[PDB]
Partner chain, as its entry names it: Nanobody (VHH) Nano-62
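Single chain ahead, written as structure tokens, the form deposited without the partner chain.
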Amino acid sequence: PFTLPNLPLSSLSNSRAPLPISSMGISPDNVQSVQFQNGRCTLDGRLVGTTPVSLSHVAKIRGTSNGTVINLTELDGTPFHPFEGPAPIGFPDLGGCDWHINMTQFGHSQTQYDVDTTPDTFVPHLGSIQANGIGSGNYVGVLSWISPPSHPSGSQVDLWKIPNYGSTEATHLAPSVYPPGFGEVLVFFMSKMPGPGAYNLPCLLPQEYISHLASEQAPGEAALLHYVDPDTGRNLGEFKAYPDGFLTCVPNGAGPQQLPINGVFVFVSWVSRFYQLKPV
């Protein structure tokens, strides 16, 4: 039998950064498809993009600073190659914003690394990103906070985007995710991101959902889910999860925002991809 963790959403974590999930949400009218590289996993249990199993690998980086450039390796310290992916596994996939990551070392006693993922120098795909002043040495890095992109000019934080990993061109990204249509809309898991703003980071799946699927590699056109309140046990709303690894629901007019987060998604059964959902 197929299963989704029997755990409240409020006790789970975002998949594009190590942040507790504060709510569920929907994308703006100018957001059709999404192409997040992290937090990507099929129900089959297959991981895609730079998505890792453990949240300990999310939005992190490993590499040796050259003084002018940083040559990337996997979190492991093992070589990373272009043919492998848009960038090393776990690498930050947040677009539309500058990055500020905490750099630490194994054997030395932290340094802030300000990242503008926009210049020619930002080429994670070829395992190289500018060392914006980071001294020579090896490092471990975690996204600590973000800020507005420093170049589209006057531009604001846009966490629906994915950073420009290349250009070299074919960075081998994970396919885009599109709403199935029919009034159905993609559901996102929101987490509050530190920074000089009210940034809300969206992700298709909580991190522990990804580790549950990769483990419980269960062999369904679409999964009919019930958002259930643990205590009362009442069904708070119908939802659907698709093979490719995302959830959808039909907002009851101008949806999931109006729902509490201390609930749980329970699998009911396998239904037709064209199964008309009851408005949420």
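Positions refer to the first chain, counted from 1.
Same protein, other form: the form deposited with the partner chain bound, not shown, and the subject of what follows.
Enquirer: Tell me, yes or no, whether residue 229 is in contact with the partner chain in the deposited complex, where a contact means a heavy atom of each within 4.5 Å.
Expert: Looking in the deposited complex, residue contacts with the partner chain include residue 229, since a heavy atom lies within 4.5 Å.
Enquirer: Indicate whether the partner chain has at least one heavy atom within 4.5 Å of a heavy atom of residue 49 in the deposited complex.
Expert: Although the partner chain is absent here, residue 49 would touch it in the deposited complex, with heavy atoms inside 4.5 Å.
Enquirer: So, residue 277 and the partner chain: in the deposited complex, are they within 4.5 Å at any heavy atom pair?
Expert: Residue-level check for residue 277: no, no contact with the partner chain.
Enquirer: I'd like to check something about residue 136: if you look in the deposited complex, is any of its heavy atoms closer than or equal to 4.5 Å to a heavy atom of the partner chain?
Expert: No, no contact at 4.5 Å.
Enquirer: Using the arrangement in the deposited complex, list in sequence order the residues of 53-78 with any heavy atom within 4.5 angstroms of the partner chain.
Expert: Those in contact are 74, 78.
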